[PDB]
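Input: a single structure, listed below in structure tokens.
Chains as they are written, first to last, in the entry's author numbering: chain O, 1 to 151; chain T, 91 to 171.
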């Protein structure tokens with residue numbers, strides 16, 4: 001058998017300037033997908049005029065999105081991360097607040113080391129659903145480094 | 091050429107342009123974009139004559155008759171033959 005459970009997954013988000021020591025996400029949402037990633041597309045194909053095929057490299061960002069329970073400490077930290085303009089920090093040959101997420105996916109020790117990225121979008125205020133329970137908040141980041149997986 | 095598209099006959103039609111296109115979208119055949127332009131003539135309906143006698147006379151203007159060396163003897167011998 002193969003255990004594909006997600007319980008016990010932890011995320012450590014460390015930013016260059018906002019959170020130099022980093023914080024930990026462990027209270028994931030109950031309705032939205034706790035971690036959702038768009039399919040990476042690092043290659044492309046083109047058709048020649050003889051019916052042949054050519055395969056080339058194309059730029060590929062990793063769009064990750066983590067969902068957390070509304071009102072939790074992880075949600076507050078992620079809102080602090082979102083409400084930090086890139087123009088208020090100093091500049092380096094690197095990216096403006098380089099933030100990396102270390103994902104311990106299971107006790108297996110997946111250790112995903114997504115780095116070279118930044119937060120893109122997320123909810124500023126909590127939305128109240130029809131049922132009256134505040135909807136889980138999904139924050140999307142983008143990354144350019146997507147290697148480091150173990151086991 | 092004369093192009094008859096759909097009940098619309100165009101005489102005195104000459105090809106002006108043509109563009110062949112070879113693309114992966116069509117590997118067997120080739121799209122082409124022909125372009126003809128009409129040749130303007132002073133009299134679209136000319137007047138002809140059936141029999142060989144009765145043409146209008148054509149002038150050639152000045153000729154500047156060119157030269158040979160054959161002498162009258164050769165012309166005579168040719169006329170004799």
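Ideal Cβ positions, reconstructed from N, Cα and C, are used throughout, including at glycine.
Look at residue 45/O: its C-beta is not under 9 Å from any C-beta on chain T.
Residues of chain T whose Cβ lies closer than 9 Å to the Cβ of residue 114/O do not exist, since the nearest Cβ in that chain is about 37 Å away. Annotated three-state conformation of residue 115/O is strand, per DSSP. Within chain O, 49 have C-beta atoms less than 8 Å from the C-beta of residue 112/T, given in sequence order. Residue 147/T and residue 155/T have their C-alpha atoms roughly 20 Å apart. Across the set 41/O, 129/O, 131/O, 148/O, the C-alpha of 41/O shows the shortest separation from the C-alpha of residue 62/O. Rounded to the nearest angstrom, the gap between the Cα atoms of residue 87/O and residue 109/T is 53 Å. With contacts defined by Cβ atoms closer than 9 Å, residue 129/T and residue 104/T form a contacting pair. CA-to-CA, the gap between residue 124/O and residue 147/O works out to about 30 Å.
Identification of chain O residues near residue 117/T by a Cβ-Cβ cut-off of 8 Å yields 49, 50, 51, ordered along the chain. At a Cβ-Cβ threshold of 9 Å, residue 118/O and residue 142/O count as neighbours. For residue 168/T, there is no enclosing beta strand (DSSP E); the residue is part of the alpha helix (DSSP H) that begins and ends at 161-170.
Comparing C-alpha distances from residue 8/O to each of 109/O, 126/O, 130/O, 139/O shows the shortest one belongs to 109/O.
In the three-state DSSP reduction, residue 85/O falls in the coil class, being neither helix nor strand. Below 8 Å, too few C-beta pairs join the stretch 79-99 of chain O and the stretch 25-39 of chain O to call them touching: fewer than three. Secondary structure at residue 73/O: helix, using DSSP grouped into helix, strand and coil.
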